[PDB]
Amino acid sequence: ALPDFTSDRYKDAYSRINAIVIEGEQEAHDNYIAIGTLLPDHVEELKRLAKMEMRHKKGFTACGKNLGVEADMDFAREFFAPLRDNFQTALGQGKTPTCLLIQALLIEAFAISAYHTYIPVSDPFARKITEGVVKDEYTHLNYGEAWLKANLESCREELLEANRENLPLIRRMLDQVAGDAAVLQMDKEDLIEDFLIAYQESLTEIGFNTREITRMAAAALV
């Protein structure tokens, strides 16, 4: 079941998935620095999280070089453009809860699910790097959960709306790269299950009850 990491078929799919990961890590660095403009008293903790994202970017860049793959960065920039646009719109409006739901909840849960699914089908070099990034993703999820938990009563409506707009985008993003992910021996159903578990757990921690979490699923489905 392990892929042939040397095949042209594998390298071609890896060129796009690796580019998406590298671009995602860079955008995550930029997103945490940007949140510092909304939360000036959190600048030092946000700088620490952003520095972790740059370490992740460096490690994943090394994964592609190790396999002799040239990352398709243009494809990766286009892939993230709709979610990037929604983050920038919220940032411009000073909508800290939306920025945090996009980056610290949705994007971190997408990273955790992708990395968890990739680990068992990864080459030995990339496996160690990916295992070494996972604890940081939980730190990032925890940062977003803690702020949203502390501020839940002022932003329930905004979070429902951020979810309605951005959760279907994450679903479309998975559909776009499910083909390449299957070449990497990653199952779309496992990617979805892990993402939903992480996202449900974050919403529970923040303070949403079962009905409210189901309302968020209903809003995204409508």
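Numbering starts at 1 and follows the sequence shown.
When the two stretches 129 to 137 and 99 to 107 are set side by side, the higher mean Cα temperature factor goes to 129 to 137.
Annotation for 158 to 166 versus 28 to 36: the higher mean temperature factor (C-alpha) is found in 158 to 166.
Per the PDB record, 175 has a higher Cα B-factor than any other of 53, 45, 180, 175. Split the chain's modelled residues into thirds by C-alpha temperature factor. Residue 144 is in the lowest one. In this PDB entry, the Cα temperature factor of residue 117 sits in the bottom third of its chain's modelled residues, the lowest group.
Annotation for residue 184: C-alpha temperature factor in the lowest third relative to the rest of the modelled chain, per the entry. Remark: residue 213 belongs to the highest third of its chain, ranked by C-alpha B-factor as recorded. In the deposited entry, the Cα temperature factor of residue 201 places it in the highest third of its chain's modelled residues.
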